[PDB]
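Structural features, examined
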Amino acid sequence: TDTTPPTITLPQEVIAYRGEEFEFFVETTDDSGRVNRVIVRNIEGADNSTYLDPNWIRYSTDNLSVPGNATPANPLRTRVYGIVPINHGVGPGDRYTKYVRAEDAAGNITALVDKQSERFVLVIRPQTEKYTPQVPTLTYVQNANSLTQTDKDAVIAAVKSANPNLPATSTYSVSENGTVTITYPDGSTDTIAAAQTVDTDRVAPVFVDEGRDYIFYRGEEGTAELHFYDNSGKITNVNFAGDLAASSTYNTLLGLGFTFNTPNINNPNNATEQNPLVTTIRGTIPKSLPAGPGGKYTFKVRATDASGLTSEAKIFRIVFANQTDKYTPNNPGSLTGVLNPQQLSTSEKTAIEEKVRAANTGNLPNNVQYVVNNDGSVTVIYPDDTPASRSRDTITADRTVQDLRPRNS
Ligand SMILES: [Ca+2]
Ligand SMILES: [Ca+2]
Ligand SMILES: [Ca+2]
Ligand SMILES: [Ca+2]
Ligand SMILES: [Mg+2]
């Protein structure tokens, strides 16, 4: 018969955090494959005692005293579990050594020896020992010695966002200098140093497109996309009317019916190097403005971050261009026969214009005009053509005309 008590396996030490649930399993086996009782108790008391305290240490064994319930491949599982009260002490003496016993169907119970038989030490620790807070991304503030409330709110936001796995009911406070104090549900705390949360914003926004020339073709609507970023990731204002000289050409463009749109200007994190703030200028330089030496508008732009640093005015230009700079006529697919190359007839000119037209649909503007000259060369006149700024192309006669005169003898 069986004279051997079951074998108990369990962790010698379980760290339990105040205000949280804890759980671990005792595993029990026996040669018979059956265990009838599994007990957790305090050391004091008679051999038959199962007295156990405090009331929040709990345990249960679902499958007691059934055959085959306690084998090496499938041991009997005893659940030890509870919730540590929020106000429990967390001194070095706030620990519990509890004794675990098991008894087989033949009545063989494991011996109970103070400080030596099967036991576990449940150690109650503050919630701050479980959690290690992650540094947030830095908040760039006007004055790292005296944070505003919006500064504080932002630091809390970046702490939370970087620490999703802290207890949801944790509370955050930010000092006048940005030092973060995290208070856990049990009142224990953690600190994130001011050096790790904030710095004073010392860098003004950057205009990526400084010095750039944006070409606008006369009579064709165009766009110019200007890009800006800031070390803080955030720009609050973009300004083109810094001084009189810059403000007058800005207002000149607006009077031509241009628009300036910066749709993300009020979004947070709207201005990083990887995802810059974009201002788009849209409009048409009308043909009444000529291209040439003074055919430019020169602008100055400044950008301001949320801490009030404004960049040094930087320059960009819109440069006027004739449409002919953009287009190249295709030559006719065939030449046109002409009886006298020095003076084309009407029907010859009409036939040349048709071939040039057909050769350039989908290439030149639909509203280009062609003049077939007396020598059969062809003047291509773009819609922006004016006397002060001609926009034109010439197709030479050797590409359009073919002499039909017969050869001598
Ligand atoms: Ca046994
Ligand atoms: Ca901690
Ligand atoms: Ca800045
Ligand atoms: Ca051209
Ligand atoms: Mg208008």
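Structure determination for this entry is recorded as X-ray crystallography, at 2.00 Å resolution.

Looking only at helices and strands, the chain has three helices and 26 strands in total. The C-alpha atoms of the chain give 43 Å as radius of gyration, which overshoots the globular expectation for 409 residues (22 Å, by more than 25%). C-alpha atoms of the chain, sized along the principal axes, occupy 140 × 65 × 25 Å. By the burial criterion, 40% of the 409 residues in the chain qualify as buried. Within the chain, residue pairs in contact and separated by at least 24 positions form 65% of the contacts whose partners lie at least 6 positions apart. Counting every atom, the chain has about 21900 Å² of accessible surface; 46% of that belongs to carbon and sulfur. Here the chain holds 36 positive side-chain charges and 46 negative ones, and the gap between their average locations is 7 Å.

A few words on the pattern of salt bridges. The tally for this structure, following the rule as stated, stands at 17 salt bridges. In this structure, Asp53 engages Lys98 in a salt bridge whose closest nitrogen and oxygen atoms are separated by 3.3 Å. Of the two residues, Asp53 sits in the loop between β4 (35-41) and β5 (58-61) while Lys98 sits in strand β7 (residues 95-104), which places them 45 residues apart along the sequence. Taking relative accessible area as the criterion, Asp53 reaches 30% and is therefore assigned partly exposed.

Here we come to the sheet that holds strand β10 (residues 171-174). Strands in a sheet are paired, the pairing made by backbone hydrogen bonds, and the direction either parallel or antiparallel. Taken in spatial order, the three strands make up an open sheet running β10-β11-β12, and their pairing is antiparallel. Strands with a single pairing partner mark the edges of an open sheet, and in this sheet they are β10 and β12 (189-192). Neighbour-to-neighbour, the strand axes of the sheet open up by a mean angle of 20°, direction not taken into account. Two elements, strand β11 (residues 180-183) and β12, share four bridges in a ladder whose sense is antiparallel. Residue pairing in the sheet places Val180 in a bridge with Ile192 of β12. Seen against the sheet, helix α1 (residues 149-162) touches β10, β11 and β12 and runs at an angle of roughly 140° to β10.

To continue, consider the coordination of the calcium ion (ligand 2). With distances of 2.2 to 2.9 Å, the protein atoms coordinating the calcium ion (ligand 2) are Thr128 (O), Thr128 (OG1), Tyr131 (O) and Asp190 (OD). Counting residues between consecutive donors of the calcium ion (ligand 2) along the chain gives the motif T-x2-Y-x58-D. Here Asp190 lies in strand β12 and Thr128 lies in the loop between β8 (119-125) and β9 (139-141), a separation of 62 residues in the sequence.

Moving on: unusual backbone geometry. Cis geometry marks the peptide bond from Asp53 to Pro54; its omega dihedral reads -5°. Inspection of the secondary structure puts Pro54 in the loop between β4 and β5. Phi is positive for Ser65, which is not a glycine, with a value near 40°. Structurally, the position occupied by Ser65 is in the loop between β5 and β6 (76-83). Look at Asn269: it is not a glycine, yet its phi comes out positive at around 45°. Locating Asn269 in the fold gives a position in the loop between β18 (259-261) and β19 (277-283). In this structure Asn269 comes out as exposed when scored by relative accessible area, which is 56%.

Quick look at the layout of surface pockets now. Empty pockets left among the atoms are what a rolling probe the size of a water molecule brings to light. Approximately 530 Å³ is the volume found for the largest pocket. Lining the largest pocket are 20 residues, with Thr139, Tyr140, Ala154, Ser232 and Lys234 sitting closest to its centre. Those elements that place two or more of their residues in the lining of the largest pocket are β9 and α1. Tallied by class, the residues present in the lining of the largest pocket amount to eight nonpolar, nine polar and three charged. Both domains that furnish three or more residues to the lining of the largest pocket are identified here as domain 2 (139-200) and domain 3 (206-325).

What follows covers the pairing of β7. Counting buried residues in β7 gives eight out of ten residues, a clear majority hidden from the surface. Sheet topology note: the β4/β7 ladder contains six bridges and is antiparallel. Considered in β7, the bridge of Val38 is made with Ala102.

Attention shifts here to the side chain of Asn270. Its location among the elements puts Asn270 in the loop between β18 and β19. Within polar-contact distance, the side chain of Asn270 engages the backbone oxygen of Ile265 at 3.2 Å. When neighbours within four sequence positions are excluded, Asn270 is seen to be in contact with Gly233, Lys234, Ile235, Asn264, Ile265, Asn275, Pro276 and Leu277.

If you look at the biggest cluster of nonpolar residues, it comprises 25 residues, and the most contacted ones within it are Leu226, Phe228, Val238, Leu253, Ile281 and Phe316. Those elements giving two or more residues to this core turn out to be β15 (213-217), β16 (222-229), β17 (235-239), β19, β20 (296-305) and β21 (314-321). Among the elements that take part in this core, β20 stands out by supplying four residues, more than any other. Among the nonpolar cores identified, the runner-up in size contains 23 residues, and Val40, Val80, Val100 and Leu122 belong to it.

Residue position: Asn55 is located in the loop between β4 and β5. Note on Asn55: relative accessible area 61%, which makes it exposed. Separated by 265 residues in the primary sequence, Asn55 and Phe320 have C-alpha atoms spaced 86 Å apart.

Here the focus is the sheet that holds β5. Here we have four strands laid out as an open sheet, ordered β1-β3-β6-β5, and antiparallel in their pairing. Bordering the open sheet on either side are β1 (7-9) and β5, each of which pairs with just one other strand. Averaged over all pairs of adjacent strands, the angle between their axes in this sheet comes to 25°, without regard to strand direction. Sheet topology note: the strand β3 (residues 21-29)/β6 ladder contains eight bridges and is antiparallel. Bridge pairing in β6 links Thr28 to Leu76.

About the thresholds
- Residues numbered from 1 in each chain as written, not as in the entry; some residues may be left out.
- Chains lettered and ligands numbered in written order.
- Heavy atoms only, no water.
- Helix = DSSP H or I, 4+ residues; strand = E, 2+ residues; numbered from the N terminus.
- Rg over C-alpha atoms; globule rule 2.2 N^0.38 Å.
- Buried < 20%, exposed > 50% of the residue type's maximum accessible area, 1.4 Å probe, protein only.
- Contact = heavy atoms within 4.5 Å.
- Areas by Shrake-Rupley, 256 points an atom, 1.4 Å probe, with all protein chains shown as cover.
- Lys, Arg positive; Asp, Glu negative; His and termini not counted.
- Charge placed at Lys NZ, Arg CZ, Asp CG, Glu CD.
- Salt bridge = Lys/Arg side-chain N within 4 Å of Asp/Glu carboxyl O.
- Pairing = 2+ DSSP bridges.
- Axes fitted to C-alpha atoms, helices over the stretch in contact; angles between N-to-C directions.
- Donors = N, O, S within 2.8 Å, 3.2 Å for Na, K, Ca; no water.
- 1 Å grid on protein atoms, 1.4 Å probe; cavity = no way out; pocket = protein on both sides within 12 Å on 5 of 7 lines; lining within 4 Å.
- Points joined across faces, edges and corners; volume = space filled by probe spheres on them.
- Nonpolar A, V, L, I, M, F, W, Y, C, P; charged D, E, K, R; others polar.
- Domains from an automatic or database assignment.
- Polar contact = N/O pair within 3.5 Å; in protein donor to acceptor, adjacent residues only side chain to side chain.
- Core = buried A, V, L, I, M, F, W, Y, C linked by side-chain atoms within 4.5 Å.

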